[PDB]
Each structure stands twice: as structure tokens, then as C-alpha cells.
Amino acid sequence: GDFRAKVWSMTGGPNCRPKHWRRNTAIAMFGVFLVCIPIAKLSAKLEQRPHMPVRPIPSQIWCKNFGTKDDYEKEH
Amino acid sequence: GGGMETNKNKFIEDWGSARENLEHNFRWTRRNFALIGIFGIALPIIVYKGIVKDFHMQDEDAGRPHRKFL
Amino acid sequence: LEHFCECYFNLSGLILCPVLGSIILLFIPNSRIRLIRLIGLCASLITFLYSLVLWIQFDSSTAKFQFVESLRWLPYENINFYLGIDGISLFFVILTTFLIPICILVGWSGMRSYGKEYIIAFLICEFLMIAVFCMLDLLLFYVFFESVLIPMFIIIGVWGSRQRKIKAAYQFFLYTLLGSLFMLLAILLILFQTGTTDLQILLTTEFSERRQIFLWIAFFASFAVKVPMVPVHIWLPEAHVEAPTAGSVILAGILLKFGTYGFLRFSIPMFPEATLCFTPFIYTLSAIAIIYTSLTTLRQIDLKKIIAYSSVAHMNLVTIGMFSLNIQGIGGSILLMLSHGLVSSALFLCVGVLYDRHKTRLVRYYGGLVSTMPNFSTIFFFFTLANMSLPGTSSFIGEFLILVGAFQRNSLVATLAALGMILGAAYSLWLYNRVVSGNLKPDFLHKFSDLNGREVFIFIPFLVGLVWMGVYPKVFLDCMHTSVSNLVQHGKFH
Amino acid sequence: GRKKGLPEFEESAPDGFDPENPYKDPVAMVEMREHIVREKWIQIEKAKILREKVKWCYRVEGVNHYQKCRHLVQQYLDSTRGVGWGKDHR
Amino acid sequence: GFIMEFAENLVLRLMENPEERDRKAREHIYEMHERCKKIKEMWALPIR
Amino acid sequence: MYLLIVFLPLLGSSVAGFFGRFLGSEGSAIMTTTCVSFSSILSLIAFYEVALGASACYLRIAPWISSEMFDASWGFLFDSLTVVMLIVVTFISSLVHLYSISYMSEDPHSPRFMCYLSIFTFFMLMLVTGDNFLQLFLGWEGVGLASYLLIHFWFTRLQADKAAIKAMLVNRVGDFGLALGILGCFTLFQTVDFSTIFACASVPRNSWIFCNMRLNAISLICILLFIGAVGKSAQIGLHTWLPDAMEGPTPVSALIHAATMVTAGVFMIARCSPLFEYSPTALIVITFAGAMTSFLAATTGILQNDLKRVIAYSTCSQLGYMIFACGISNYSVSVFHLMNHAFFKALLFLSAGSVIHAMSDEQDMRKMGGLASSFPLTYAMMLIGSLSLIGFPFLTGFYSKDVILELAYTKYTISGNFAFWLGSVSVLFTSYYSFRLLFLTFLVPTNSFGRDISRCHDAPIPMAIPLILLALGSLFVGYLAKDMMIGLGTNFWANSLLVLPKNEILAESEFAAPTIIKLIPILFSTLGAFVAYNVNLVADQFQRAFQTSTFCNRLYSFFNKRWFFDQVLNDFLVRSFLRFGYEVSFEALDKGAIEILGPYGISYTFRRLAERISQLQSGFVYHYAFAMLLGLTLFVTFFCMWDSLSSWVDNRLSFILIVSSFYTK
């Protein structure tokens, strides 16, 4: 309104129209992709697939934990 | 106009101060006797008897005598 | 026997730090406000770092006491006193050392009128409370606990907001002293049997079932006042509301923990048979406290009164956990003690932020603050969630572990204790929505300021600690398990 | 200083403890309490290892888990009765 | 060199020797269980 | 890639929440929609890998709560049920984000709204992917929190604040039940891991002491878990929060309280079927509750005047069909119906939102009508959704609803009979209210305001796209997925769902039922449509009764006011607790008796006594001499002349008379 233009918030307050919002949006998208790379690596490392799939699947490209839990007697 | 301090309202402050000084109003009435007898003696006793029985029912479920308490 | 420890960083120096700060501040003119502020802040911060180091050198495999060092009172050496910690007391030392600099920082803006007396009182409190947590002797535990009454009395009486602080301070002092005298009586009865007050020896003496009953009651009379348990809880709302903000922080975050620490440290292991005999009694008292006090909280109209009543329900849940006498119960009781010490302190800090600007505690005056103080609103919401034991926050870990411990012993007590999930949500969300949500009321308040840099910084470590314990409580539980296990087993050999 | 490595303890119960009168050798009493705590943790760690077997047999065997996990389930449930300080005494 | 290996060595140097810590613990008790008799004899001394 | 599915909406919400001031409305709309859409694409790939490929995925990040046997962990489980829920949640969430981009375009606070949508999506994903009870509880509470935040999104509105607080408190009552169930599970099995519990569940037979009663432990655990299900799925006990949750913006109603979160109870029952299958008593309880709920919501919805209200009561009734399907041991059918309801109900909420947007936020159906030609696309979407909901033959809702009704018919038990009757009559009621909505909104001669008609507009593209996709789903998804999910002998679910042989009834329902039984859903639906046409078009005086008869007026009120359930609960329960908090705990006790037999009374008496003792120091030298003489006389009397005394005298009476002297004059 009138006083809200003097109020700082993280989400930007009412009717937020930053002038450089396109470049900022692009920078945010690059940041989310960079953050997603290590998450994807950790997920691929951590995934456990006890059963071979019926047909080839995309996770077989990066995940090497297919058919490893067969000897569950030795689990600890 | 001037200041961040709240502009006091006399009735709101009267309400608050009445809340802070309730002990001066206690009269041993019939309603108060009933409320203290029910909620200050009886209900705690009932809860205690419940907790103890729970242990005794566990005791007899395990083939053991009743555990003495208190 | 000199029990001097090998470690460089030990307990005595951590005791000495705030003492030296206080002596130095005794002699600096009140005109040198900047110097006083900086010296007090730096002493407190150095003590905090020292406690962090003490956490690194801690050995999480032994059931013994660590850094044990000794302290020799007479050349006859009949009476010689020991300090030491374990996995039950370590994090309380850390919490004390962490909270004291927060207290100095909260009063930073008003220090020109607060003077050096404010900082000196808080430093003396720090020294006394660290001592209390580090004592392997009943009699010195007594002496160091009563000593905190003097600076706490001064803190409440001098820097409290209004004249009700008089009555509040009187009641605090008198209730606490009555409890302390009861536990002095217990200490002397023990001494007549054993001829000593050394904790390690008492853990290896056998008390009669009868002598145990009497000694347990005399310990209970101090500790239940300290916790507080109903019906000796009524001093707490008055005292925790009338105190200054930092005074309330120290009262809720540290001083309240002393009764539960006394239960964990002396009553449960020294008198296991009495502990067993009184367990239904403790369960009943705590369950009544949780339900009744939560419902009283619901009908309170003062911000500080709502936050103060909330602490009664939380501490009685802690007592249920610790008297469950298993790993979940005691671990959850300790974790909830630490988490409460963070969360209630942060909530008192939020209310203090509001009171410093507007000088009212009455909920009706506030409202619609989300539109003028969004940063405060967000932080307040986070700590409101933490006070409801929301999963992901630190308090949920302790709460659920205590419910686990209680359920395995008595399903009814766990059922009555889980009602807190419903009642605490109710009052916490009602408070938050009446303060922050809705519309502004410009006839009461029309001028506003969100948090400054100091307030944001003050809140940051509380947020970090809450999230850290909430998502990965393993760092704390790994250092505590051996001590907790030996506490649970003490008195039995199968 | 701590030497590098896992903590070391005596495998055996302390010699000097009398179960009849345990408050007779205080040092032996403390040592026996610590030994019992350590033994109890070894039983907890055994039940946890047996739980990993069940977890994986369920996962690997699918709808055949009832017939394939039967012995592992029996072992795990037997180890869990009187484990740690839960709902069973000794 | 490596940060962590140095940090490993530094933390171990800070810590109590577990053997010695558990041994003074035994001397205190053995000495206190058998030392608890001397003082109680003075309290029984007749005033007359 | 499996971690990306769960954590992408968290990343989007974090950027919209912490940096929305740099992105504004447009950036935050894009950032959040992209992250959820990418999670949806990865979810489709995971459905291909796990369900179609028959390759479950297990991922353990770290321990969460490790205390002796207590083994809560940050662990993720991807089986067939999980990927089915993943597709539903991520697809509907992506569509709702896209819809909101245009629906909230004029709202001042859209970035906060998008951040809340994404955080809800993340908590729902945490819920459906957890491999243990504690991670599931975290998701349960998280979706409760996000629902609360979205219901009172317009924070200045007092109705919204009340609705949000009510939703949180009802959900906490369910969470109480759920937490007690989790505690019982841990106590019985010494674990909270799903795989371990399901592998062990057939063995225990022991009895437990619960509140001074001896009960079967498995049954107790299952009933306690079902209490949390009752909370989250708005079943008979804890149903009243769902209609009031309509206070939130329409996209929240579509995503949260119709498609994903409101079905968490059904999902949890389905996921715990390996445990629930060994509690027949709990299954009977579930059967009864679901049936009662379907009838309750169906009868309440027929007199509502607000569009969103009608569609919310529909959701509640549909959730009842899904709960009794579970209670008669047919979990695959309940999950099939869940997936089917997520298409038609989301189509219906978004179509209603389009109508409300076009009518300047008019929501009362009595001020609508004659709108079919003005909003052709929206009318068609609402038609398709309504026909799919009522179970029109060969549409998406036809393949699950009638199979549930046929299975209920085939359950030859008391609760099976109860469920068959109630679901059958509820079909007629739901057909009536669906066609009443269609007729009042689009087909009757217009009852609206001219200023509303003269400012109308149909859906902008970010709104119409999700409507088209949901219409296609509501036409084809049922037929397309029927054999996969409920086809006779299908292995699609693998080990995710468990039906014991003794409870298998699907063959007998498809083969041993009289042909009539299969047609009653079409016949009741046709009758309800006909009754709706007659009531809302050729009735000019069936409203005089409500103005002239006291009994007919009270019944109109009974049904319009939800059986007076909220009134009775507030009058006898909420007011009771609120009054206790002030009149007993605070005023009779804390500030009453405990103050009088405490600091207030103590201070009073010790003041009066110090007062009396001070007066003995009278200032008269004669009193001081007299006191010394009296003390000397006392000394001689008691300490030497107490030899013979003892014959008449006792020590008890001595000290009694002393004290008694205090109470003189």
C-alpha cells in the first residue's frame, strides 16, 4: 500500500516487480541445477535395486547396485 | 502520534489487572468446594488408581504378584 | 587423594573465566560503557568456546565420570570435593555457557542504564550454574544451587519492568529456599549413615528400603519445587513474567533444569527401590500437570504468561520420561531438557523484542504484525512450531522418545502425556495467530520496526541448534548412551 | 592421551563380585554394572544385525517372504524378547 | 599436512588416558570405603 | 534421480521463499512450476522403472533417531504403491502450479503462495516415500502444517484463521491416534521399519494392557493407526474440518483437500495392509466408518449453496467408498479409486474455480445459471468431471466405484451388508447433488446479477491447459489402468499390497453376482438425475413446506447444517475444555485453593501472628517483670512439680490446650 513500500521481506511483499527479474530468474535456475548435480550423484550412489528390471531402464546407466542384496544372510 | 509505546485502553488494563488479582476473589463457595473436591482430590486419585492397576494387570499377565507402591 | 586430570582444558579454568571477568568489571568506571560491554561479552564468549572444546575431548564409551579433578578444603583431607561431568551433564554446561552471552547481547542497547552490575550479575550466575552442573558432591551441589538465588533475586527485582516484580522476587526466593532447606535435611540424614557426601561413594552404598523412602521424599520436596511439579508451580508464572528478558531466559533455560538434573543425578541411582515405589505417584503428578497447566495456558491473556505456563507442561513431560527408567525415557528427558532450554529462551526473546518497542504484554493490543514485522513474524512462527514439537524440530525428538519410554512401562501414562500434542498445538497456534495474523489496530499501535542486526544475529544460533538437533540428534545421543545406560542399570545386576 | 583405536575392555565379568551380597566389594560392584551394560549393548547390536537380515529377505523375496524369511523372523523375534531395557526384565 | 589427520592426532592428545582415568577411580573408592571409619570415631567421643 | 524427485520441490520452495524479492511474481511462478514439473517427469520415469519394470528402489540416507532398538531413519522406499502415489501427487501438483500462475495473477502475494504450494508438495512426497513410520509421521505433520498455512493464506480474514486453526486441531487429534499406534508398533516389534514389521506381523498373538483393559495388541495398534487415518481422510469422527478448509484459494482446495493430502489416510491403510490383514476387528471398524462417512457427506451435500462446499462434501463421500474398500481387504481397488478421484475431483475444483473467477468471485449457485453458452469450455469440463464422478458407464469413475459396490455386495458379513446398503443409497444422493450443481450453475434461467454477466470471461491458457489434461484423464485413465491395478491375478503391485487368501473375493464379485447388482449404480444415478431435474426446474412450491411446517424446516436445517455436528461438538466439548481452563485449573485451583493454602494464606496468617507477637512488647516495664515472674513460675511448676501431676494430667492435653489458646477472642 503506502507503508508497505518501507517494509523489507524475503518474499518481496505485495505486488513485487523487480526490474531485473528475468536475469535473476535465470541465475536462480542455474543455481538450482548446480545444487541438483551433487544430489543426483549421491542418489545414484545410494540407490539399491535388489531386482533386475524386466527391460533395460535409465537407472542402469549410472547406478551399479543391481542384484547385490541376494545374500541377505550376510547383511549387517 | 508520538511513540512506539501502545496507547493504553483503560478497560483493557482493568481487565488485565483483574486477571492478575484473582486470588482476592476466592470465596469458599459451594461451587468452589465441588470443583476442588472433584478436580483437586477425586480425579488425581482416580488417575493414580488407574496407573497402579495398569502395573498390577501387567504383574498378573507375567505371572507375578502385585508390585507394592508408594 | 589428588585426582588431578591430564587434559589441558579442564573444569576449574572454565569455572574461573567469568569470575575473572567479574573481578575486572568491579573496578572499571561506569563512564566506560563500551569497555564494560566488550569485556563482559568477550569473557562469556571465551567461556562458550572453552565448553565447546570440553565437548571435543569427551569420551563417549565410559560409564565413569570424566575430567574428574579434585578440590581440597582442609589440610586434614577428611572433606575433599570433586568436579566431573558425564554424558548427562555435558550438554547442560554447554547450554549454560551458550545462553549467558545471549543474555549480555539482549541488553546491549540498554547497557548505558543497565551498568556493569547487570553484566556482573549474569557472569556470577554463569559461574555458579556451571559449578552446580559440575559437582560430584551432594553438599556442594546444595551450596552452589542456593547461591544462585542472590543474583537471580537481584536480577528480577532491579531490572524487572513493573512493581509486581517485588512480589515475584519474594515468591521465587522463598519457594526455592524452602525446597533447598528440605534437601539440606536430606543431605544431613545421608551424611549420618555414610560419613561422606561424595557422589561416587553414595552410588556404591546400600540404603535400606525404609531409609530410601524418607530420603527420596526429602529429595522430592526440593526437586518438585524446582521442576516445577503441581501444586508448587505457582511461583513460576509470576517470576518468569516479571523478570527482565535475559532474566527470564536464564530462569526458563537453565534454572528450571536443576530439578530434573537433581532427579537424574541423585534420586534415581541412589534410591532405586524408592524410585520404583514412587513411580505411579510421579506419573500421576506429571500427567495432572500436563493436562491442567496446558488448559490454564489456553486461557492466559499475557504473552509472557502463555510462554511461562507452557514450560510447566514441558518439564512434567521430562519427569515422565526420566521416571520411565529406560533408554528412550532418559535419553528423551535429557534431549527435551536441552531443546526446551533453547526453544523457551527463543520464545522469551521474541516476546522481549515486542515488549522493548511497545511496552505491553497484553495480547489484545497486538495483531496484524505480519504486515509490519515479517522477519520477526517468520522467526516467531518457527519457534512456535518448535514449541508444538513439530517433527523436524529438536523438541519432537525428546517428546517422542519420552512417549516411547513411557509406553513400554505404562500405556495409560503415555496416553495422558500424548494429549499434550493436542493442547500445546492449540495454545501455541492461538498465540501466534492473535499476535501476528489479522489486521493492525492503529488506535493501539501505529509505529513499528522489524528486527535490527543484533536481534537477527541473536536468533541465528537458536535456529541452527533447533534444526541441528531436530534432524540429526545422533551427535548428542552418541555422547550420552553410556552414561544413560549405566544410570538405567544402577541398582540391578541382571 | 588416548591411543588411536576402538575402546578396549575386559571380556570377563569382574572377579570379586558376589551376587549374593553385591554391596560388599564396591569396586567390583561398579565394574559388574559396567560389564552388564556392555553385555546388554552386545545383545542390542545382535538383534539389530538380525533385523537387517529380515529387512533384506522381505525386500529380496517379495511375496515369497513368508516362506523364505521364516527362520530369520523367528531368530529376530527371539533376540528381541528380553533385549535392552524395554518391556522384558532379564 | 592433511587437515583431518592433524585434527585426529590433536584430538587424541587432548583426551584423558582411559586406563589411568579408570585406575585413580578405583583408588578413591577403595580408599574411601575403608577410610570412612576414622571420622565417625571422633563424633562418639564422650563430652564428659 | 530418486532423491531429485523428493527434493526438487523443496529447492523451488526455498528459492521462492528466501529470494522471492529478487524474482517477483513471475520469477517465483516459473521457478516453482519448473521444479515441480521436473519432479513430475522424473516421477513418470520412476513409474516406468519400478512398477512397469518390477524393480523396487531402496535408499537410506542416514539415521534420524537411533536410541537402542528405536531405529527411525531418513530412508526412502519406492515400490508400486509409492510410484502410483508419486505420479498422482507430482502430476496434480504441476497442473495446480500452472493453474495458479494465472489464477493468482492479480493477487498481491503470489510468491508466498507458490512457495507454500511447493513446500506442501515436498512434505507429501516425504509422506508417500518413507520407509518407516517416523518419516511417514514427519510427512503427516508437514502436510498438516502446509495445509494450515494455505487455508489462512488471506491472513486478514477471520473466517480463514478459524478454519485453519480448526483443521490443525482436528488433524492433531488424528496425529495423537497415529502416534499412539506407532508407539504400539515399536513396542510389539522393537522397530519402526516398514519391511521388518511387515515380515513379522503374522507371528504375534499376545494380549496387551491398554487403559486397564486386556486387548489384542495387533488389533489395538491397527485401530490406533486408523484413528490418524480418520483424521487425515475426514471420516465420520473427524470430518468437519474439510468443508471449512474451502476458505483457502481454489488451487489449494484442488491440490490439498481433494487429490493428495486428504487421501493420505487411504494410502497409509494400503501401505500397512500387511499389518491390517491380521486384525479382522480393525477391518470391521474401518468398514463401518467408511460407509457411515459416505452416507453422511452425501446427505449433507445435497442442500449446500456454495460450489466449493458441494465439491468438498463430494470428496468426503468418495473418501468413505475408498475406506470401506480397504476395510473389506480390497486395497488395490481403493488405490485405483484414489488415482481415479484425483483426476475428476481436481477437474471439478479447477472448473469451479474458473467459474468463480469468471463471475467476479460469486460462489453461491443461487446467483448463477444460464452460463452454459457464456463459458462453453468450462461447462464441458464440469460435465465431464461430473459424469466421471457419478460413475457414468465406461468413464474413469465407472471402473472403480461399481467394483467397490460389487465387492461390498460380495462381502457376506454384517459390516459388508452395512457398507453395501449405505454405498448404494449414497450413489443416488451423489447423482442428485452433482446434477443439481450442473443445473443451477449452467442450465436454469439465469439468477445472476447483470454486473456479473457483463464482466465474464473464460479461462486464460495457463488455466485451460490443466482442465483439458484432467478431462482427458477423467475420460480414459480408468479403462487404461483397470487390468494393471485390479485385473484378475495381476502382479502389478508385487509385494506392496497384501490380501490373505481367506479374504480374496474379486472372482466371486465378477462372476457370482446377479446381473441386477451390477446395474443398481446406473439406475440410482439415473433416478437422482431425474429427481434433480424435477426439483430444480419443475417445482414451484416444494419450499412452502420449509416455511410452514416446523418438522420440515428443522430437517432442512439438519441437513444444511451438517447434522449439527459442529454445533454439538463446540457446545459440549470445545466449550467444556475452554471453561475448565479458566474456572477450574486457573480460578478454583492455581489462583484459588493453592493460593489460599499457599503464599496468599501463609502471608495473611504470619502477618496477623507477627502483629500479635509485636503487641506483647507493650512498652510497660510491669509486663516485662510479670513475664519474667511467669517464666520463673513455669520453670518451677513444670520441671519440679510434675511428679504427682501425671495422675490427672497427660502431655497430649498439655500441648493441645497451649495451641488452643491461640484461638481466643
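Read from first to last, the chains carry the letters A, B, C, D, E and F; within each, the first residue is number 1.
We take it that a residue touches a chain if its C-beta (ideal position, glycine included) is under 8 Å from a C-beta of that chain, and two chains touch if they have at least 3 such contacts.
Peer 1: Mind listing the chains that sit against chain E and also against chain F?
Peer 2: C, D
Peer 1: Go through A-F and A-C and name the pair with more C-beta contacts between its chains.
Peer 2: The comparison resolves to A-F.
Peer 1: Calculate how many whole Å lie between the centre of chain B and the centre of chain F, each centre taken as the average of the chain's C-alpha atoms.
Peer 2: Averaging C-alpha atoms per chain gives centres 31 Å apart.
Peer 1: So how far apart, in whole Å, are chain C and chain E when each is placed at the average of its C-alpha atoms?
Peer 2: Taking the mean C-alpha position of each chain, the two centres sit 29 Å apart.
Peer 1: Measure off the straight-line distance from the CA centroid of chain A to the CA centroid of chain E, and report it in whole Å.
Peer 2: The mean C-alpha positions of chain A and chain E differ by 53 Å.
Peer 1: Give the residues of chain B touching no fewer than two other chains, as numbers and ranges.
Peer 2: Residues 39, 50, 54.
Peer 1: Residues of chain D that contact two or more other chains, please.
Peer 2: In chain D, residues 1-2, 7, 26, 30, 55, 57, 59, 72, 84-87 touch at least two other chains, as defined above.
Peer 1: Listing for chain C: what residues touch at least two other chains?
Peer 2: Each of 6, 59, 62, 201, 204, 292, 327, 408, 411-412 in chain C touches at least two other chains.
Peer 1: Judged by the touch rule stated earlier, which pairs of chains are there in contact?
Peer 2: A-C, A-D, A-F, B-C, B-F, C-D, C-E, C-F, D-E, D-F
Peer 1: Residue numbers of chain D touching chain E in their complex, please.
Peer 2: Against chain E, chain D makes touches at 1-4, 7, 26-27, 30.
Peer 1: What part of chain E is in contact with chain C in the complex they form?
Peer 2: 11, 14-18, 20-22, 24-25, 27-29, 31-33, 36, 38-40
Peer 1: If you look only at chain E, which of its residues touch chain D in the complex?
Peer 2: 8, 12-13, 15-18, 26, 29-30, 33
Peer 1: With touch defined as at the start, can you tell me which chain C residues reach chain B in the complex?
Peer 2: 164, 276-281, 283-285, 287-288, 292, 301-302, 357-360, 362, 364-365, 410-413, 416, 443-445, 447-449
Peer 1: Considering the complex alone, what residue numbers of chain C touch chain F?
Peer 2: By the definition above, chain C touches chain F via 171, 174, 231, 234-235, 292-293, 295-299, 327-328, 331-332, 368, 370, 385, 390-392, 397, 400-401, 403-404, 407-408, 411-412, 414-415, 418-419, 421-422, 425-426, 429-430, 433, 437-439, 471-474, 477, 481.
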